[PDB]
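Residue numbers (the UniProt record's numbering), protein chains in the order written: chain A, 127 to 189; chain B, 4 to 173. All C-beta atoms in this analysis are idealised placements derived from N, C-alpha and C, irrespective of residue type, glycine included. Take a look at the structure set out below.
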Amino acid sequence: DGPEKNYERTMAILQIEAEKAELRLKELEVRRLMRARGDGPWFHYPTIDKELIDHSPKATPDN
Amino acid sequence: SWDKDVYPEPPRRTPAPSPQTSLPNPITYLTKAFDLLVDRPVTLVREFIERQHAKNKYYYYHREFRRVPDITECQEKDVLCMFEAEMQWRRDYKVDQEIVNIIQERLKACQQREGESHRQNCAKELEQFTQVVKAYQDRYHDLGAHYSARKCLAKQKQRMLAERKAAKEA
Numbered sequence: 127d128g129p130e131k132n133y134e135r136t137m138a139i140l141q142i143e144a145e146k147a148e149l150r151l152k153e154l155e156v157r158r159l160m161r162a163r164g165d166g167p168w169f170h171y172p173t174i175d176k177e178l179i180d181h182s183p184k185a186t187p188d189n
Numbered sequence: 004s005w006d007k008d009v010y011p012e013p014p015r016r017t018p019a020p021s022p023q024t025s026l027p028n029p030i031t032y033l034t035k036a037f038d039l040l041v042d043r044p045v046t047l048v049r050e051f052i053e054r055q056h057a058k059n060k061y062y063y064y065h066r067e068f069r070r071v072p073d074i075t076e077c078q079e080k081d082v083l084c085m086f087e088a089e090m091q092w093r094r095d096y097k098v099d100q101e102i103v104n105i106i107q108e109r110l111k112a113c114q115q116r117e118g119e120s121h122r123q124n125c126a127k128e129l130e131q132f133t134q135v136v137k138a139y140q141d142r143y144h145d146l147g148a149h150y151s152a153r154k155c156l157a158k159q160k161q162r163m164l165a166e167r168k169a170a171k172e173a
């Protein structure tokens, strides 16, 4: 292979590995904030579904 | 065959023969024997070979490298620029090594050429060797096996700071 092909092939390799590296660090930071604050799709632990509540008038009036 | 400016050579001053003896000089006769027996047949063979080379003539070239931004212009962790700057620094590092080799070859040729007078007649060769080696030492010494343009730059900045302070002592 010529030096240019190897040279520019290396730039292509470096670009991909640097884009993967930046995303790996961002993912760790995003996971740090999602887990600590609970305001994202991840670490979304379930709470009771309010569709289970019955709102029909009850036998007594205070409820 | 080579550049006479890169590898300078003082003019050759040879005495003329001035014999003071009746006896024949063997070197004179042996020189003629060598020229007849060795030089001429060796010269005929080379002339034949060069004739073949004048029929198949083709060329090769010295690769020319465009200059690219140095490591000083690269943003931290910007590999794409760091890569091209780093490769350039490595190329110049290897060229600087051979420059020091050239200067060392000049010094060693002078020492042989001047003989017993070499201490006085090789001063300009010795001074230039000192200057280039000093420059080479400043650029590249103590970088370690894992050298790089980044490490080379850090070494310079440390020297530029030390020189700046010593200047500020005035």
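Check                                                                                                                                                                 : Outcome
Let's test the definition: count the other Cβ atoms within 10 Å of the Cβ of residue 16 of chain B and tell me whether it reaches 16, buried, or not, exposed.        : exposed
In whole angstroms, give me the CA-to-CA distance for residue 133 of chain A and residue 87 of chain B.                                                               : 9 Å
If residue 89 of chain B and residue 109 of chain B are in contact, beta carbons under 8 Å, what's the gap, nearest whole angstrom?                                   : About 31 Å; that fails the 8 Å criterion.
In whole angstroms, what is the alpha-carbon distance linking residue 112 of chain B and residue 120 of chain B?                                                      : 13 Å
Using a Cβ cut-off of 7 Å, pull out every chain A residue sitting near residue 82 of chain B, in sequence order please.                                               : 140 and 144
Please list, in chain order, the residues of the region 60-88 of chain B that have any C-beta partner in chain A closer than 7 Å.                                     : 82, 83 and 86
Quick check on DSSP: helix, strand or coil for residue 131 of chain B?                                                                                                : helix
Determine the direct distance from the alpha carbon of residue 39 of chain B to that of residue 46 of chain B, and round the result to whole angstroms.               : 10 Å
What do you reckon, are the CB atoms on residue 140 of chain A and residue 83 of chain B nearer than 8 Å?                                                             : yes
Taking the straight line between their C-alpha atoms, what separation do you get for residue 29 of chain B and residue 99 of chain B?                                 : 49 Å
So, at 6 Å on beta carbons, what are the nonlocal neighbours of residue 122 of chain B in its own chain, with the 5 sequence-adjacent residues on each side left out? : none
Is the beta carbon of residue 106 of chain B sitting closer than 8 Å to the one on residue 68 of chain B?                                                             : no
Using a C-beta to C-beta distance shorter than 7 Å, which residues of chain B count as neighbours of residue 137 of chain A?                                          : 83 and 86
For residue 152 of chain B, count neighbouring Cβ atoms within 10 angstroms of its own Cβ and tell me buried if that reaches 16, exposed if not.                      : buried
Is residue 23 of chain B helix, strand or coil by DSSP?                                                                                                               : coil
If you draw a straight line from the alpha carbon of residue 131 of chain A to that of residue 149 of chain A, how long is it in whole angstroms?                     : 27 Å
So for residue 4 of chain B, helix, strand or coil by DSSP?                                                                                                           : coil
Let's see if you can read the secondary structure: which residues bound the alpha helix (DSSP H) around residue 124 of chain B?                                       : 121-124
So, at 8 Å on beta carbons, what are the nonlocal neighbours of residue 9 of chain B in its own chain, with the 5 sequence-adjacent residues on each side left out?   : 105
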